[PDB]
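Asker: Got an experimental structure here, sequence first:
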Amino acid sequence: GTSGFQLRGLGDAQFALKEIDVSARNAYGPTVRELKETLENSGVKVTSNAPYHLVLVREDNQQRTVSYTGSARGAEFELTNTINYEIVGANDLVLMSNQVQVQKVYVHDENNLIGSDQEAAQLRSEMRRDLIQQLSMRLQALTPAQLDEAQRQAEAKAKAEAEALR
């Protein structure tokens with residue numbers, strides 16, 4: 001009677017990358033924080049020792065008036081968020097760089113002439129979702145091959161300039 005058999009029920013899935021470092025450049029914000037959480041909770045292990053580094057360079061957040069499309073006194077507010085990040089491989093060399101953005105608009109009522117300004121901060125709670133959901137996704141559509149080649153071609157270019165000079 002042999003019973004050298006294991007169980008089943010593997011729901012875990014494999015990804016391209018399996019380890020990645022979550023870092024930020026110049027201070028730190030919520031974005032880099034939720035990144036680490038979302039990546040960890042998606043099975044990804046985040047280490048300091050990862051071969052590829054995600055570094056978020058800056059986080060911008062635009063509040064401005066779009067004015068009313070007409071001759072009335074409506075005029076709502078629009079919010080554009082821009083999160084810049086870079087993919088650093090080896091030698092502190094940049095493999096690729098990208099920024100993600102989200103554009104929301106605020107509901108402005110005449111009765112809420114003042115309230116709309118106070119409510120505008122309430123959206124901010126939800127804006128926090130947008131960034132992470134869409135930002136994270138790029139990390140799934142990056143493959144080790146793209147990262148490896150991005151280093152290689154960069155090494156060639158950076159060094160080629162050195163060989164060209166003198």
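Answerer: Here it is on my side, so go on. Numbers count the residues shown, from 1 in each chain.
Asker: pull the longest strand from this protein.
Answerer: Criterion DSSP state E: the longest strand present in the chain is strand 53-67.
Asker: Give me the packing partners of the helix or strand following that strand, helices and strands only.
Answerer: As assigned by DSSP states H and E, the chain's next helix or strand after strand 53-67 is strand 76-88. For strand 76-88, the elements it packs on are strand 53-67, strand 94-105, helix 115-137, judged by 3 or more C-beta pairs under 8 Å, 6 or more residues apart in numbering; DSSP states H and E. Any C-beta I mention is one placed from the backbone N, CA and C, and that applies to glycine too.
Asker: if we go to 6 Å?
Answerer: Packing partners of strand 76-88 (3 or more C-beta pairs under 6 Å, 6 or more residues apart in numbering; DSSP states H and E): strand 53-67, strand 94-105.
Asker: ok now that strand, how far from the chain's centre?
Answerer: Relative to its chain's centre, strand 76-88 lies at 9 Å (C-alpha atoms, centre = their mean, to the nearest Å).
Asker: quick revisit: please name the strands paired to the longest strand of the chain in the sheet, noting orientation.
Answerer: strand 19-24 (parallel), strand 76-88 (antiparallel) (DSSP bridges).
Asker: Tabulate the ones you listed (CSV), appending mean neighbour count.
Answerer: Output for the strands paired with strand 53-67, formatted as CSV (neighbours: other C-beta atoms under 10 Å):
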stretch, mean neighbour count
strand 19-24, 18
strand 76-88, 18
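Asker: SS state for residue 16?
Answerer: With DSSP: H, G, I helix; E, B strand; the rest coil as the basis, residue 16 sits in coil.
Asker: just to revisit the earlier point, now distance to residue 131 too, for the strands paired with strand 53-67, in a markdown table please.
Answerer: Shown next, in a markdown table, are those (distance: least, C-beta to C-beta, whole Å):
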| stretch | distance to residue 131 |
| --- | --- |
| strand 19-24 | 13 |
| strand 76-88 | 6 |
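Asker: Of all those, which one is nearest residue 120?
Answerer: strand 76-88 (5.8 Å; C-beta to C-beta).
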